[PDB]
Protein chains: 2
Amino acid sequence: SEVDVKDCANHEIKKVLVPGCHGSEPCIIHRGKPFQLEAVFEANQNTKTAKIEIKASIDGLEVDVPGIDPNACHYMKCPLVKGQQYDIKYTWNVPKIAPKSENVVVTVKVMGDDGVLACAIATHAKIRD
Amino acid sequence: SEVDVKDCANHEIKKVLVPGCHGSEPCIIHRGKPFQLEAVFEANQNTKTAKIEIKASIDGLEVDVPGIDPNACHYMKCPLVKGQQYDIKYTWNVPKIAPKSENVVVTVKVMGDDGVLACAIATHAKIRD
């Protein structure tokens, strides 16, 4: 369930797992259903904070992503230790009303005390149902 | 299966389901794990709105509940029509850092355009792990 994502920092993200998706094949996101993911990254800094920013665009238009807790330290053992690897598991609820699209770009950026912790761009999600 | 809840509105909620939980038996919420829930209710009003408020109390102290999308219309087809029954499914991510407790009270109120859509109090959840 390892999926291909584009790193946009310095390869801190080691592996992104989405059950039911793989590699660079179209990863189908079904409206109204849970979407599970798991990510393993290495901390590039000692940091008390880990804050998530998500940007999604559907056919080139930016859309709000509801239901995300911005504080990643709620789901991990902060503070983070430089050189250690952390695992985060999260289930996102796909809105029943999300616009269908075959051209989806998701950018997630994680900020710590001393700058970006992790950055990934995912281009293979498709929203259907 | 079906779990037991106290209604605090006018019996609009028909059934609450949590997998692995039964009636009034201790329903165990695990730290750092997904908590799945399903509910069917009957709309008592025509409404384009349906906004959720949660309050949680742990051993008699209120604690903030993160990771909740207050717009319930994201997970249903609003507007709602009076007299129709709706089903909502939602997976909540239990914070890794949630205080452990055997005395947990959860109160969920749903508010529509012209008044309370639904209200339930749940007293059998325990936070462990």
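Going from the start of the chain as shown, residues are counted 1 onward.
Cβ atoms here come from the backbone N, Cα and C positions, even for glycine.
What Swiss-Prot annotates here:
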{"type": "DISULFID", "residues": "A:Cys8-A:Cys119", "note": "disulfide bond"}
{"type": "DISULFID", "residues": "A:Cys21-A:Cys27", "note": "disulfide bond"}
{"type": "DISULFID", "residues": "A:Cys73-A:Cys78", "note": "disulfide bond"}
Report task. Calculate the distance in Å between the alpha carbons (Cα) of A:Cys21 (disulfide bond) and A:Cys119 (disulfide bond), and round it to a whole number. Result -> 20
Query raised in the report: CB neighbours of A:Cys73 (disulfide bond) within 10 A?
Result: 19
**Report entry** Cβ packing number for A:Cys27 (disulfide bond), 10 Å threshold
**Finding:** 20
Report summary line: Within the same chain, the residues at least 6 apart in sequence whose Cβ is under 8 angstroms from that of A:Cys8 (disulfide bond) are A:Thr107, A:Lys109, A:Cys119, A:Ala120, A:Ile121
Query raised in the report: Cα-Cα separation of A:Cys78 (disulfide bond) and A:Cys27 (disulfide bond), in Å?
Result: 31
**Report entry** Candidate with sparsest Cβ neighbourhood (10 Å radius) among A:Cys21, A:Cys78, the listed disulfide-bonded residues
**Finding:** A:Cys78
Query raised in the report: When DSSP states are folded down to helix, strand and coil, where does A:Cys73 (disulfide bond) land?
Result: helix
